[PDB]
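**Student:**
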Amino acid sequence: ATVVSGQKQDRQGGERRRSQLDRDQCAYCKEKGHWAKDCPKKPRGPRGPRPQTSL
RNA sequence: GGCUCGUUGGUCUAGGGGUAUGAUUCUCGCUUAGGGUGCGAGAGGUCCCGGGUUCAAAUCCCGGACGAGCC
Ligand SMILES: [Zn+2]
Numbered sequence: 001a002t003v004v005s006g007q008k009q010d011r012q013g014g015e016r017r018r019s020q021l022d023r024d025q026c027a028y029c030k031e032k033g034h035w036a037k038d039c040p041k042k043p044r045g046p047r048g049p050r051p052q053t054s055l
């Protein structure tokens with residue numbers, strides 16, 4: 001006789017840790033009026049070695 | 001042994017140099033008995049990360065060990 005590995009355990013679903021979105025919201029923090037590319041939660045503010053307002 | 005680690009708005013595509021191209025997707029109209037199929041419009045990308053190079057280069061060239069940090 002011969003036998004080999006197979007099958008998988010039971011699984012579930014309902015979401016992807018994302019919820020509803022729109023082109024006016026942010027993917028990183030879920031706020032509105034901006035996108036992740038400009039998110040205020042990122043280390044690219046409020047101060048750094050490039051103020052971008054005096055240079 | 002303990003603690004922290006929310007960037008889903010494309011993906012795939014060749015890369016003998018231009019942010020893009022090609023294949024597919026989502027929404028709506030028209031088409032159809034019908035969410036289908038085709039066509040048009042709208043939703044679409046500084047295409048591994050950092051550094052170097054002539055206007056412009058994933059594999060142009062170069063580095064990249066078991067995920068990382070703290071106690
Ligand atoms: Zn944000």
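Those letters in the first sequence? Residues 1 to 55, by PDB author numbering.
All residues carry an ideal CB built from backbone N, CA and C; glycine is no exception.
(1) Please return the same chain residues whose Cβ sits closer than 6 angstroms to the Cβ of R17, not counting the five positions on each side in sequence.
(2) CB of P40 to nearest heavy atom of ligand 1: below 7 angstroms?
(3) What number of angstroms, rounded off, separates the C-alpha of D38 from the C-alpha of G6?
(4) Give me the Cα-Cα distance between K32 and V4, rounded to the nearest whole angstrom.
**Tutor:** Concretely, from the data shown:
(1) So no residue of the chain qualifies.
(2) Yes, Cβ of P40 sits closer than 7 angstroms to a heavy atom of ligand 1.
(3) If you take the alpha carbons of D38 and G6, they lie about 47 angstroms apart.
(4) CA-to-CA, the gap between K32 and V4 works out to about 52 angstroms.
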